[PDB]
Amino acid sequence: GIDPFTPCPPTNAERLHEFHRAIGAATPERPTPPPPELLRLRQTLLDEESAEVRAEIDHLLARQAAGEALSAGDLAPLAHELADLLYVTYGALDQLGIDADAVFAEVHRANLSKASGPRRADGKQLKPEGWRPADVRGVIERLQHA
């Protein structure tokens, strides 16, 4: 039964669950339809961070257009903003009670499978024979019933 003889490192999705506990945002374990106020907030957070990343890439491109060879350190603001974007993307999934890792694993499976196809002469990736799309409707279902 149970006796003295009776732990993977946390993932970034799991970090968002810890964060939302810390800010008192009590987020659900299983997929949960959100109130509209939550959707609007998540939209705003995504729009704001996306714009920040976009602007930073524009700034790096302008420096390159001027003849600059950027250094690694020059990438720090962009890297920071990309991580902030992950933070609000994971954040939206977590507030929806949707396991980001489970959904991501399915999208990764379909993308990796697509990568095994040939390329067109012009370089476009083609799908292989027997390629199955990501079935995210199926993932949501399994999360509801586990």
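We call the rigid core the largest set of C-alpha positions that still match within 1.5 Å between the two forms. When you see a residue number, it is the position in the sequence shown, counting from 1.
The segment moving more, judged by mean Cα distance from this form in 5 other deposited structures of this protein after a core overlay, is 61 to 69 among 61 to 69 and 92 to 100. Choosing between 127 to 135 and 15 to 23, the greater Cα displacement from the shown form in 5 other deposited structures of this protein, fitted by the core, goes with 127 to 135. In none of the other PDB entries of this protein that model the residues around it does residue 77 lack coordinates, well short of a third. In the comparison with other entries of the same protein, residue 45 is given coordinates in all of those covering both sides of it, so it never reaches the one-third threshold.
Gap check for residue 6 to residue 7: 4 to 9 deposited residues are absent from the model. For the pair 115 to 123 and 41 to 49, the record assigns the higher mean C-alpha temperature factor to 115 to 123. The stretch 31 to 39 shows the higher mean C-alpha B-factor when 56 to 64 is compared against 31 to 39 in the entry. Listed residues 86, 96, 26, 79 were ranked by CA B-factor as deposited; 26 comes out on top.
When all modelled residues of the chain are sorted by CA temperature factor, residue 103 is found within the middle third. Annotation for residue 69: CA B-factor lies in the highest third of the chain's modelled residues. For residue 137, the recorded CA temperature factor ranks within the highest third of the chain's modelled residues.
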